Amino acid sequence: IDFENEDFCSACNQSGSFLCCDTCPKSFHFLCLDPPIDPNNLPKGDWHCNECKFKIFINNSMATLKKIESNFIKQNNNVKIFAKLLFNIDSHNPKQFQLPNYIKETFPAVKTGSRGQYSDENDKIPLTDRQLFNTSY
Amino acid sequence: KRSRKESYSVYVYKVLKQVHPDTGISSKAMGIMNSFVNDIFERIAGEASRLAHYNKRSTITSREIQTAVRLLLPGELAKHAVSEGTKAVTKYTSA
Amino acid sequence: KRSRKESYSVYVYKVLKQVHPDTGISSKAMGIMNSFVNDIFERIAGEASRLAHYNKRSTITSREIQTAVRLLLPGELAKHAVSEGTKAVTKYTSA
Amino acid sequence: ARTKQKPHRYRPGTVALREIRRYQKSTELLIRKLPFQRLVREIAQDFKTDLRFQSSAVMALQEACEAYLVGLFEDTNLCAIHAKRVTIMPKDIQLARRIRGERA
Amino acid sequence: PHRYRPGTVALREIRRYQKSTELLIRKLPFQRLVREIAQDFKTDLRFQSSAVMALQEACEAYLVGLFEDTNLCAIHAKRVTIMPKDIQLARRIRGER
Amino acid sequence: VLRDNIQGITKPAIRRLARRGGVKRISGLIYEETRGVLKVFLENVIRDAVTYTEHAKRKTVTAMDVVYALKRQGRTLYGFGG
Amino acid sequence: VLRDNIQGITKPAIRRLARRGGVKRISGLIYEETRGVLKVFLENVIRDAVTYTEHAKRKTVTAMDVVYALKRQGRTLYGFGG
Amino acid sequence: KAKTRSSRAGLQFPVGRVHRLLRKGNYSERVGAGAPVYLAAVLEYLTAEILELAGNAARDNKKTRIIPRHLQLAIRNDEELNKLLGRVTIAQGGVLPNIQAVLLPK
Amino acid sequence: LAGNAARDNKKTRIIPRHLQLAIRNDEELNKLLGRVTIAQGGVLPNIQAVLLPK
DNA sequence: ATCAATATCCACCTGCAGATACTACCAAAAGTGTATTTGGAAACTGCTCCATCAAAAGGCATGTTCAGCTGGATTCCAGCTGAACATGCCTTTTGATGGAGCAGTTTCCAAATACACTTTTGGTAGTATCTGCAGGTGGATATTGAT
DNA sequence: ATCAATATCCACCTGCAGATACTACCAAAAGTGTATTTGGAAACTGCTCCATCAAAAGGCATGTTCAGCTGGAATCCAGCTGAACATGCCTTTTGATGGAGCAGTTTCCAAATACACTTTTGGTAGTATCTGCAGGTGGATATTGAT
Ligand SMILES: [Zn+2]
Ligand SMILES: [Zn+2]
């Protein structure tokens, strides 16, 4: 499968210089990881993401997932409500925060910008025929 | 006396003078453009009417037009056309 | 379910019984024939409506139906179908 | 890991390619108007006698006919190349028309 | 022992599978594949039984027709084996590509 | 009358139509085939055009009749009215 | 979350579909091609079926949605309602 | 003091005429208020798309006026429009220059 | 047509296979229903002449 | 030409799922009568666009020659597909349960229709008028073909 | 590589057919304001079918082996298509003429619609019933492939 990684960060969905994963076509910024990596002191060798590392750890066997998750929920007896939650967090590649859409839609004058930025009806608009302006009359 | 022949010449000319402010157009090209507009209009209206029939509704709304656009246009044309239609409807009802 | 689903089963069975007196028909075949009848009906009706729109008419008449039959069916089929339709209409109006 | 982020004669086939370019640059009609008009009139006459045609009607027919034949020749050329030839033959026309569904 | 020459059983299979009307793909793998494909247009979808049956019917009709056209393009080139370029030609002429 | 006229579609015209299609070498027997297929296509279209015309109770075949007869066969044609 | 599931269209099934089409000898590389074309056809039909379904504001895909999505591509299907 | 509907929506195509064509076209028994607005918006969008492509094709040909050849080039060179207008013949539009690889001399 | 095709097969009842065999064996009916798929109809038996033995 | 070996079909029984009626019955949908508007059929008429003739002149089609290159046939050879076993696995079923989702009923309420005015806008003739482009000419340039 | 011969492209120039443009003007139609009716949205409900398991049974898919036949490459050769030249013939353009057919205008009347009432009827459900067929079993035999 001689694939190539995406051209955008898997976490913030933006562009830049990415540390890439070999197994999967994901790519991440350096500060968009957990924990953030120093761009100079980068460990060479085989870098895998959280998801592929979880897969190779469980050897792609989900009967072992049954095993480890049952043992985990047996151990975390103090907070048994947050047991399964506390077990799933370790299978996800990092993300950035974006408000749920049931919160943004309570205020109708509020619109998500291009890169997930705030806009509140005081934004004039981007200039479309000002691409036509670089051409001009 | 012979009747009037409505067409889309003037609106096509307005759109052209918006995109390319200094290029004209021929007359056979304008005929091609009128035929194009009529064909696409008929396609979308027929699909919307079929949709309203299937669901036992008796009204064509912007929802039917939007679904017909999604069914008829390919790929990114659909995304951009839906954006344009939604923006225009929102501006129309805000007034 | 209160709703009723009108179909063409009984009429197709009458036709079958006069054509082939001692031959039954399966349920899947009856569904095939139902789809066939609906399809041909809507084809003829759509063509008739079109060629009534072209001529700035409002009524769908025997003439529109005859022209749609001539436009949609192949040669021998169209000839025999036109014969049957005219025979039916002349028997009807003189009743 | 990655981190990847003695009279002059042209050799047979030259004028063919020159013509191909010349007629793929142009946009005119390639048949003469008068013979095509007579053909159309003969056919329509054996359909329904005492007919008349606007000029634009025959022009539309000519445009549609030429577009049809150009498309058919493109498909025929692909079917000829498929059998490792350069010459198009009637069996290629028959194959293209059969696959399109125009005959069978 | 008793062997059949290459092609005999092929003609037998052609006759046998042209004489029948049953479906030729298994139902459970096709159902799984249809659900996986639809998983990209909307999550949490349900299907009726007749919907999947209709999809299987249409797909099998499509593939059989394509194989007829492909066999034509193969006989055109003085061959008996069908090859991927035959499929590509048949689909190009049809207008799919 | 108006008989023959199918040989009015000369061999140079068919060679031109083939050159526009990208053909480099042409056989000797394709002219007959092309004449046959052109005649078939023309009959199929003219039958429908005349049907429309005579339904409208006219004697002149309009261009709209032709574009309708073409549209009803999946050969839509832009630039002649409609 | 279903995965791969495309190798479930086994090689014997494709050989049967070819035998019903009249094919006598089959290559080694046509199974990949057939899987590709089946996947393409299925996506094109299922997209439209789901569009109809979600316009009707339902969560279940009816057979009528499938026959409509098929009819809108020139693949009319008799025997499933309509 | 009477504004138009296309001016109220910010369009160039006419909303009133599209509304009338929807009404008298035998499509449904009733027609909403935003159906003509939506339809005019998408018609204007497609018009502008194809006209921009054709104007570029006309400029790179050293001309100052669009002809059917430019419309044909613009349509056939784009993928989505070639899908949308795949079964359409443009009168006096010509074809796309294309010679197969095995025909060229070597 | 379908009833004749069924009786020629020594049966009493019509099944979609018989409708398919009747449609695909006629010329004008096949032209009227050329783009139609009939459920459980099968196909028409024919083998090309070059595939046959010898 | 002979013969064993399969695989296919022809003949017969049987249990059963599907086809065939019947009453109910029951909406519910179609036929009958009537008053009314209106859209399509007749008659007239003007005028426009089509068919016919004509001529003339040049551009295109036709027939011939000669030769080069392509299509078709023959040989050979390797490798790729098919046919037959032998395991094993995963599809089919069928029985049961959970439960989400879809179809039916009632309100009501927001939205589309119908009608009368009035101003605007888009279209047609007439006439106008610039101007981009098509036609003609020469000059330079790139490409082709035989040494 | 050299060089000579053609075909194509570029730059310049000129006339004219077509696109931009009012103006009249003007007639059609779109937008505005009310009152009415009706269709679609929201809540509730029940009951139906779709998802999820379970548990065998066995029928199909997978991997291996072997061999034979087909696809692909190389050679050769005839024949058929192309390129070029001379000849003539017939398409195209310009122009006028007759005249038939089409589109607009007025009249008007036969027909389709809308409403209300009564009567078949055809569609679902039991509800029952029965028989045409799918499956199974034996035997004849038609074809294949190795001798
Ligand atoms: Zn990032
Ligand atoms: Zn990874």
# chains A, B, ... in the order shown; residues from 1 in each chain; ligands from 1

$ interface_residues --of "chain K" --to "chain E" --cutoff "8 Å" --atoms "only C-alpha atoms (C1' of nucleotides)" --output "PyMOL selection string"
chain K and resi 50+71+144-145

$ write_last_selection --atoms "N, CA, C and O atoms (P, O5', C5', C4', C3', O3' and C1' of nucleotides)" --output "mmCIF file, in the first residue's frame"
data_model
loop_
_atom_site.group_PDB
_atom_site.id
_atom_site.type_symbol
_atom_site.label_atom_id
_atom_site.label_comp_id
_atom_site.auth_asym_id
_atom_site.auth_seq_id
_atom_site.Cartn_x
_atom_site.Cartn_y
_atom_site.Cartn_z
ATOM 1 P P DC K 50 -38.415 -4.924 7.675
ATOM 2 O "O5'" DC K 50 -37.019 -4.356 8.184
ATOM 3 C "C5'" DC K 50 -36.968 -3.083 8.788
ATOM 4 C "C4'" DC K 50 -36.028 -3.090 9.973
ATOM 5 C "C3'" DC K 50 -34.757 -3.910 9.787
ATOM 6 O "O3'" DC K 50 -33.664 -3.159 10.244
ATOM 7 C "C1'" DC K 50 -35.851 -4.557 11.769
ATOM 8 P P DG K 71 -6.182 -17.010 -26.258
ATOM 9 O "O5'" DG K 71 -5.189 -15.821 -25.907
ATOM 10 C "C5'" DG K 71 -4.563 -15.797 -24.640
ATOM 11 C "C4'" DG K 71 -3.120 -15.334 -24.740
ATOM 12 C "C3'" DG K 71 -2.867 -14.183 -25.695
ATOM 13 O "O3'" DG K 71 -1.914 -13.336 -25.124
ATOM 14 C "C1'" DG K 71 -1.513 -15.997 -26.299
ATOM 15 P P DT K 144 -19.758 -34.221 -26.528
ATOM 16 O "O5'" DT K 144 -18.600 -34.456 -25.459
ATOM 17 C "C5'" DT K 144 -18.781 -35.441 -24.458
ATOM 18 C "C4'" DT K 144 -17.535 -35.594 -23.621
ATOM 19 C "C3'" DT K 144 -16.246 -35.358 -24.367
ATOM 20 O "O3'" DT K 144 -15.211 -35.120 -23.437
ATOM 21 C "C1'" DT K 144 -16.516 -37.669 -23.982
ATOM 22 P P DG K 145 -13.881 -34.345 -23.878
ATOM 23 O "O5'" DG K 145 -12.727 -35.402 -23.583
ATOM 24 C "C5'" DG K 145 -12.700 -36.075 -22.342
ATOM 25 C "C4'" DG K 145 -12.076 -37.447 -22.491
ATOM 26 C "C3'" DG K 145 -10.809 -37.488 -23.352
ATOM 27 O "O3'" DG K 145 -9.809 -38.235 -22.693
ATOM 28 C "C1'" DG K 145 -12.330 -39.117 -24.071
#

$ select_by_dssp --residues "chain A" --states "helix (DSSP H, G or I)" --output "ChimeraX atom specification"
/A:50-57,62-75,80-91,101-104,128-135

$ closest_atom_pairs --of "stretch 76-109 of chain J" --to "stretch 56-67 of chain G" --cutoff "12 Å" --atoms "only C-alpha atoms (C1' of nucleotides)" --output "JSON lines"
{"residue": "J:100", "atom": "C1'", "partner": "G:59", "partner_atom": "CA", "distance": 10.2}
{"residue": "J:101", "atom": "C1'", "partner": "G:59", "partner_atom": "CA", "distance": 7.7}
{"residue": "J:102", "atom": "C1'", "partner": "G:58", "partner_atom": "CA", "distance": 8.1}
{"residue": "J:103", "atom": "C1'", "partner": "G:58", "partner_atom": "CA", "distance": 11.6}

$ write_last_selection --atoms "N, CA and C atoms (P, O5', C5', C4', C3', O3' and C1' of nucleotides)" --output "tab-separated table (two decimals), in the first residue's frame"
chain	number	residue	atom	x	y	z
J	100	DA	P	-35.39	1.93	21.73
J	100	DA	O5'	-35.04	2.69	20.37
J	100	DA	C5'	-34.17	2.07	19.42
J	100	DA	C4'	-34.81	2.01	18.04
J	100	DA	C3'	-35.36	3.33	17.52
J	100	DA	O3'	-35.16	3.38	16.13
J	100	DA	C1'	-37.09	1.77	17.58
J	101	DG	P	-34.90	4.77	15.39
J	101	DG	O5'	-35.91	4.73	14.17
J	101	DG	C5'	-36.07	3.54	13.45
J	101	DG	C4'	-37.49	3.40	12.95
J	101	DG	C3'	-38.13	4.69	12.46
J	101	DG	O3'	-38.85	4.43	11.30
J	101	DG	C1'	-39.53	3.67	13.99
J	102	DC	P	-38.81	5.44	10.06
J	102	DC	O5'	-40.04	4.97	9.18
J	102	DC	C5'	-40.47	3.63	9.25
J	102	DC	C4'	-41.98	3.54	9.39
J	102	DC	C3'	-42.75	4.67	8.72
J	102	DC	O3'	-43.88	4.13	8.09
J	102	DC	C1'	-43.40	4.50	10.96
J	103	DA	P	-44.48	4.82	6.77
J	103	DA	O5'	-46.06	4.67	6.95
J	103	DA	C5'	-46.60	3.43	7.35
J	103	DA	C4'	-47.81	3.63	8.24
J	103	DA	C3'	-48.81	4.67	7.73
J	103	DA	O3'	-50.13	4.16	7.86
J	103	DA	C1'	-48.17	5.18	9.94

$ calpha_fit_and_write --fixed "chain B" --moving "chain C" --output "short mmCIF file (atom, residue, chain, number, x, y, z; two decimals) with N, CA and C atoms, in the first residue's frame"
data_model
loop_
_atom_site.label_atom_id
_atom_site.label_comp_id
_atom_site.auth_asym_id
_atom_site.auth_seq_id
_atom_site.Cartn_x
_atom_site.Cartn_y
_atom_site.Cartn_z
N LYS C 1 -45.38 41.26 -36.10
CA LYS C 1 -46.01 40.14 -35.35
C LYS C 1 -46.31 40.61 -33.93
N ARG C 2 -47.57 40.54 -33.53
CA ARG C 2 -47.98 41.05 -32.20
C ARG C 2 -47.25 40.28 -31.10
N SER C 3 -47.15 38.96 -31.26
CA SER C 3 -46.58 38.03 -30.25
C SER C 3 -45.15 38.42 -29.92
N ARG C 4 -44.80 38.33 -28.64
CA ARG C 4 -43.46 38.63 -28.09
C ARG C 4 -42.84 37.33 -27.60
N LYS C 5 -41.53 37.19 -27.74
CA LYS C 5 -40.72 36.01 -27.47
C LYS C 5 -39.79 36.37 -26.32
N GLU C 6 -40.24 36.13 -25.10
CA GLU C 6 -39.40 36.38 -23.94
C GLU C 6 -38.22 35.42 -23.94
N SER C 7 -37.07 35.94 -23.54
CA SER C 7 -35.84 35.16 -23.53
C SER C 7 -35.01 35.59 -22.33
N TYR C 8 -33.81 35.03 -22.24
CA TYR C 8 -32.90 35.34 -21.15
C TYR C 8 -31.70 36.16 -21.60
N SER C 9 -31.81 36.89 -22.71
CA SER C 9 -30.65 37.57 -23.26
C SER C 9 -30.12 38.63 -22.30
N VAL C 10 -31.01 39.46 -21.75
CA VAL C 10 -30.55 40.60 -20.95
C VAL C 10 -29.93 40.13 -19.64
N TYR C 11 -30.49 39.08 -19.04
CA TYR C 11 -29.93 38.59 -17.79
C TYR C 11 -28.58 37.92 -18.01
N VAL C 12 -28.46 37.13 -19.08
CA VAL C 12 -27.18 36.53 -19.41
C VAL C 12 -26.15 37.61 -19.69
N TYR C 13 -26.58 38.73 -20.27
CA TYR C 13 -25.64 39.81 -20.53
C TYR C 13 -25.21 40.49 -19.24
N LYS C 14 -26.12 40.63 -18.27
CA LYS C 14 -25.74 41.17 -16.97
C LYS C 14 -24.72 40.28 -16.27
N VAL C 15 -24.99 38.97 -16.26
CA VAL C 15 -24.05 38.02 -15.68
C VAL C 15 -22.70 38.14 -16.36
N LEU C 16 -22.68 38.15 -17.69
CA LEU C 16 -21.43 38.25 -18.42
C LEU C 16 -20.68 39.52 -18.07
N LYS C 17 -21.38 40.64 -17.99
CA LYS C 17 -20.72 41.90 -17.71
C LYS C 17 -20.14 41.95 -16.31
N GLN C 18 -20.74 41.26 -15.34
CA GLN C 18 -20.09 41.26 -14.03
C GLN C 18 -18.95 40.24 -13.98
N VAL C 19 -19.06 39.13 -14.71
CA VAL C 19 -17.99 38.15 -14.73
C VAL C 19 -16.78 38.66 -15.51
N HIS C 20 -16.96 38.95 -16.79
CA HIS C 20 -15.87 39.40 -17.67
C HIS C 20 -16.21 40.79 -18.18
N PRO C 21 -15.59 41.84 -17.65
CA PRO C 21 -16.11 43.19 -17.91
C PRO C 21 -16.06 43.63 -19.37
N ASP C 22 -15.02 43.27 -20.11
CA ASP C 22 -14.83 43.78 -21.46
C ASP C 22 -14.83 42.68 -22.52
N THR C 23 -15.73 41.72 -22.41
CA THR C 23 -15.87 40.65 -23.39
C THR C 23 -17.31 40.61 -23.89
N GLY C 24 -17.48 40.72 -25.20
CA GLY C 24 -18.80 40.64 -25.79
C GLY C 24 -19.26 39.21 -25.91
N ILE C 25 -20.34 39.02 -26.67
CA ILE C 25 -20.81 37.68 -26.97
C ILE C 25 -21.58 37.73 -28.28
N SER C 26 -21.40 36.70 -29.09
CA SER C 26 -22.06 36.59 -30.38
C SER C 26 -23.53 36.24 -30.20
N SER C 27 -24.28 36.30 -31.30
CA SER C 27 -25.70 35.97 -31.23
C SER C 27 -25.91 34.46 -31.17
N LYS C 28 -25.10 33.69 -31.88
CA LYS C 28 -25.22 32.25 -31.83
C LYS C 28 -24.88 31.72 -30.45
N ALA C 29 -23.85 32.28 -29.82
CA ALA C 29 -23.53 31.91 -28.45
C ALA C 29 -24.65 32.27 -27.50
N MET C 30 -25.31 33.40 -27.73
CA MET C 30 -26.44 33.77 -26.88
C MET C 30 -27.58 32.78 -27.03
N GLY C 31 -27.79 32.27 -28.25
CA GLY C 31 -28.80 31.24 -28.43
C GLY C 31 -28.41 29.94 -27.73
N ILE C 32 -27.13 29.58 -27.78
CA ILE C 32 -26.66 28.41 -27.05
C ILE C 32 -26.98 28.55 -25.57
N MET C 33 -26.68 29.72 -25.00
CA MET C 33 -26.92 29.93 -23.57
C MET C 33 -28.41 29.93 -23.25
N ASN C 34 -29.23 30.45 -24.16
CA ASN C 34 -30.68 30.41 -23.95
C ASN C 34 -31.18 28.98 -23.86
N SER C 35 -30.78 28.15 -24.82
CA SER C 35 -31.16 26.74 -24.79
C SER C 35 -30.67 26.06 -23.52
N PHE C 36 -29.45 26.39 -23.09
CA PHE C 36 -28.90 25.80 -21.88
C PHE C 36 -29.75 26.12 -20.66
N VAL C 37 -30.12 27.39 -20.51
CA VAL C 37 -30.90 27.81 -19.35
C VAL C 37 -32.26 27.11 -19.35
N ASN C 38 -32.93 27.10 -20.50
CA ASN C 38 -34.24 26.45 -20.55
C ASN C 38 -34.14 24.97 -20.22
N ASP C 39 -33.12 24.30 -20.75
CA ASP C 39 -32.95 22.87 -20.51
C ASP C 39 -32.76 22.58 -19.03
N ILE C 40 -31.83 23.28 -18.38
CA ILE C 40 -31.57 23.01 -16.97
C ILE C 40 -32.79 23.35 -16.13
N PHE C 41 -33.49 24.43 -16.47
CA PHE C 41 -34.70 24.78 -15.73
C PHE C 41 -35.71 23.64 -15.78
N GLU C 42 -36.01 23.13 -16.97
CA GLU C 42 -37.05 22.11 -17.03
C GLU C 42 -36.59 20.80 -16.42
N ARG C 43 -35.29 20.50 -16.46
CA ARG C 43 -34.80 19.32 -15.75
C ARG C 43 -35.08 19.42 -14.26
N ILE C 44 -34.66 20.53 -13.64
CA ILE C 44 -34.85 20.68 -12.20
C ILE C 44 -36.33 20.68 -11.85
N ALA C 45 -37.15 21.36 -12.66
CA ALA C 45 -38.57 21.45 -12.35
C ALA C 45 -39.24 20.09 -12.44
N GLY C 46 -38.91 19.30 -13.47
CA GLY C 46 -39.49 17.98 -13.58
C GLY C 46 -39.12 17.08 -12.42
N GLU C 47 -37.85 17.10 -12.01
CA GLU C 47 -37.45 16.26 -10.89
C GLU C 47 -38.14 16.69 -9.60
N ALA C 48 -38.29 18.00 -9.39
CA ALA C 48 -38.98 18.48 -8.20
C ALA C 48 -40.43 18.03 -8.19
N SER C 49 -41.12 18.13 -9.33
CA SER C 49 -42.51 17.69 -9.38
C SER C 49 -42.62 16.20 -9.10
N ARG C 50 -41.71 15.40 -9.65
CA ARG C 50 -41.73 13.97 -9.37
C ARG C 50 -41.61 13.70 -7.88
N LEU C 51 -40.56 14.23 -7.25
CA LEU C 51 -40.36 13.88 -5.85
C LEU C 51 -41.32 14.62 -4.93
N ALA C 52 -42.18 15.47 -5.47
CA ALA C 52 -43.32 15.94 -4.68
C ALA C 52 -44.52 15.04 -4.86
N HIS C 53 -44.65 14.40 -6.02
CA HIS C 53 -45.70 13.41 -6.21
C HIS C 53 -45.46 12.18 -5.36
N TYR C 54 -44.20 11.76 -5.24
CA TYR C 54 -43.89 10.58 -4.44
C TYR C 54 -44.36 10.74 -3.00
N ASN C 55 -44.16 11.91 -2.40
CA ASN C 55 -44.40 12.11 -0.98
C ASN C 55 -45.80 12.62 -0.68
N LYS C 56 -46.71 12.56 -1.65
CA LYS C 56 -48.10 12.97 -1.45
C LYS C 56 -48.20 14.42 -0.97
N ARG C 57 -47.40 15.29 -1.57
CA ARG C 57 -47.45 16.71 -1.31
C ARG C 57 -48.07 17.43 -2.50
N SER C 58 -48.44 18.69 -2.28
CA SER C 58 -48.98 19.52 -3.34
C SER C 58 -48.10 20.71 -3.65
N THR C 59 -47.30 21.18 -2.70
CA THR C 59 -46.50 22.38 -2.86
C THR C 59 -45.09 22.00 -3.28
N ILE C 60 -44.52 22.80 -4.18
CA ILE C 60 -43.11 22.72 -4.52
C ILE C 60 -42.41 23.79 -3.69
N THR C 61 -41.49 23.37 -2.83
CA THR C 61 -40.89 24.23 -1.83
C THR C 61 -39.39 24.36 -2.12
N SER C 62 -38.69 25.08 -1.25
CA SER C 62 -37.24 25.11 -1.31
C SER C 62 -36.63 23.74 -1.10
N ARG C 63 -37.25 22.90 -0.28
CA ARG C 63 -36.70 21.58 0.00
C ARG C 63 -36.71 20.70 -1.24
N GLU C 64 -37.81 20.71 -1.99
CA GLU C 64 -37.88 19.95 -3.22
C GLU C 64 -36.83 20.42 -4.22
N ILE C 65 -36.64 21.73 -4.33
CA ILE C 65 -35.66 22.26 -5.27
C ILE C 65 -34.26 21.86 -4.84
N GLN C 66 -33.97 21.95 -3.54
CA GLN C 66 -32.65 21.58 -3.06
C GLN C 66 -32.36 20.10 -3.31
N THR C 67 -33.35 19.25 -3.10
CA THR C 67 -33.14 17.83 -3.34
C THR C 67 -32.98 17.54 -4.83
N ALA C 68 -33.72 18.26 -5.68
CA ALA C 68 -33.54 18.07 -7.12
C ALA C 68 -32.16 18.51 -7.57
N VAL C 69 -31.66 19.61 -7.01
CA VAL C 69 -30.31 20.06 -7.34
C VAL C 69 -29.29 19.02 -6.89
N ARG C 70 -29.49 18.43 -5.72
CA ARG C 70 -28.57 17.40 -5.25
C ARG C 70 -28.64 16.14 -6.10
N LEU C 71 -29.81 15.83 -6.66
CA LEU C 71 -29.94 14.64 -7.48
C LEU C 71 -29.39 14.83 -8.88
N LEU C 72 -29.44 16.05 -9.42
CA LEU C 72 -29.09 16.27 -10.81
C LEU C 72 -27.65 16.71 -11.03
N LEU C 73 -27.08 17.49 -10.15
CA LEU C 73 -25.75 17.98 -10.45
C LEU C 73 -24.68 17.09 -9.84
N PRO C 74 -23.49 17.06 -10.44
CA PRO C 74 -22.38 16.32 -9.83
C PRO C 74 -21.86 17.02 -8.58
N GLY C 75 -20.92 16.36 -7.92
CA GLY C 75 -20.52 16.70 -6.56
C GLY C 75 -20.20 18.15 -6.24
N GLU C 76 -19.09 18.66 -6.78
CA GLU C 76 -18.67 20.02 -6.44
C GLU C 76 -19.67 21.05 -6.93
N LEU C 77 -20.20 20.85 -8.14
CA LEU C 77 -21.24 21.73 -8.65
C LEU C 77 -22.43 21.76 -7.70
N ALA C 78 -22.87 20.59 -7.24
CA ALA C 78 -24.03 20.54 -6.36
C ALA C 78 -23.75 21.23 -5.04
N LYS C 79 -22.55 21.05 -4.49
CA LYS C 79 -22.20 21.70 -3.24
C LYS C 79 -22.27 23.22 -3.38
N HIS C 80 -21.63 23.75 -4.42
CA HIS C 80 -21.61 25.20 -4.58
C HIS C 80 -23.00 25.75 -4.91
N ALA C 81 -23.77 25.01 -5.71
CA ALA C 81 -25.11 25.47 -6.06
C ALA C 81 -26.01 25.52 -4.84
N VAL C 82 -25.92 24.51 -3.97
CA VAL C 82 -26.70 24.54 -2.74
C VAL C 82 -26.29 25.72 -1.88
N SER C 83 -24.99 25.99 -1.78
CA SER C 83 -24.55 27.15 -1.02
C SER C 83 -25.21 28.43 -1.54
N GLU C 84 -25.16 28.62 -2.86
CA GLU C 84 -25.72 29.84 -3.46
C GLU C 84 -27.22 29.95 -3.21
N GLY C 85 -27.94 28.85 -3.39
CA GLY C 85 -29.38 28.88 -3.19
C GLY C 85 -29.78 29.23 -1.77
N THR C 86 -29.15 28.58 -0.79
CA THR C 86 -29.49 28.91 0.59
C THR C 86 -29.13 30.34 0.92
N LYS C 87 -27.98 30.82 0.45
CA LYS C 87 -27.62 32.21 0.72
C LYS C 87 -28.68 33.16 0.18
N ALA C 88 -29.15 32.90 -1.04
CA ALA C 88 -30.17 33.75 -1.64
C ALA C 88 -31.45 33.73 -0.82
N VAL C 89 -31.89 32.54 -0.40
CA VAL C 89 -33.16 32.46 0.31
C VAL C 89 -33.08 33.17 1.66
N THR C 90 -31.98 32.97 2.40
CA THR C 90 -31.87 33.63 3.70
C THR C 90 -31.74 35.14 3.55
N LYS C 91 -31.11 35.61 2.48
CA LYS C 91 -31.09 37.06 2.27
C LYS C 91 -32.47 37.57 1.90
N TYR C 92 -33.25 36.76 1.20
CA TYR C 92 -34.58 37.19 0.77
C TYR C 92 -35.53 37.31 1.95
N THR C 93 -35.64 36.26 2.76
CA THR C 93 -36.67 36.24 3.79
C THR C 93 -36.40 37.27 4.89
N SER C 94 -35.14 37.59 5.12
CA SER C 94 -34.79 38.60 6.12
C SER C 94 -34.78 40.01 5.55
N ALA C 95 -35.42 40.23 4.41
CA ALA C 95 -35.50 41.55 3.82
C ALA C 95 -36.86 42.18 4.11
#

$ residues_near_ligand --ligand "ligand 2" --cutoff "7 Å" --atoms "only C-alpha atoms (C1' of nucleotides) and all ligand atoms" --output "NGL selection string"
:A and (21-24 or 26 or 48-53)

$ write_last_selection --atoms "N, CA, C and O atoms" --output "compact mmCIF listing (two decimals), in the first residue's frame"
# COMPACT_ATOMS: atom_id res chain seq x y z
N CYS A 21 2.82 9.79 10.10
CA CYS A 21 2.72 8.43 10.63
C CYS A 21 2.91 7.47 9.50
O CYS A 21 2.54 7.80 8.44
N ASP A 22 3.57 6.35 9.73
CA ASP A 22 3.88 5.54 8.53
C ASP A 22 2.77 4.56 8.19
O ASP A 22 2.41 4.46 7.03
N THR A 23 2.23 3.93 9.21
CA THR A 23 1.14 2.96 9.07
C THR A 23 -0.10 3.61 8.40
O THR A 23 -0.58 3.07 7.45
N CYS A 24 -0.58 4.74 8.90
CA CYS A 24 -1.81 5.37 8.46
C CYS A 24 -1.48 6.70 7.81
O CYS A 24 -0.43 7.29 8.08
N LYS A 26 -2.35 9.60 8.37
CA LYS A 26 -2.52 10.78 9.20
C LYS A 26 -1.23 11.58 9.30
O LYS A 26 -0.12 11.04 9.17
N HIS A 48 4.54 6.03 15.47
CA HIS A 48 3.16 5.63 15.13
C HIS A 48 2.26 6.54 15.93
O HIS A 48 2.58 6.82 17.00
N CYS A 49 1.00 6.73 15.57
CA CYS A 49 0.03 7.55 16.26
C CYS A 49 -0.56 6.78 17.44
O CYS A 49 -0.11 5.68 17.78
N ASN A 50 -1.57 7.37 18.07
CA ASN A 50 -2.20 6.71 19.20
C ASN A 50 -3.03 5.52 18.75
O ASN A 50 -3.01 4.46 19.39
N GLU A 51 -3.76 5.66 17.65
CA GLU A 51 -4.67 4.60 17.21
C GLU A 51 -3.90 3.38 16.73
O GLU A 51 -4.20 2.24 17.11
N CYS A 52 -2.90 3.59 15.86
CA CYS A 52 -2.10 2.48 15.37
C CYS A 52 -1.29 1.84 16.49
O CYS A 52 -1.06 0.63 16.48
N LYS A 53 -0.86 2.64 17.48
CA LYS A 53 -0.16 2.08 18.62
C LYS A 53 -1.09 1.22 19.46
O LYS A 53 -0.71 0.15 19.95
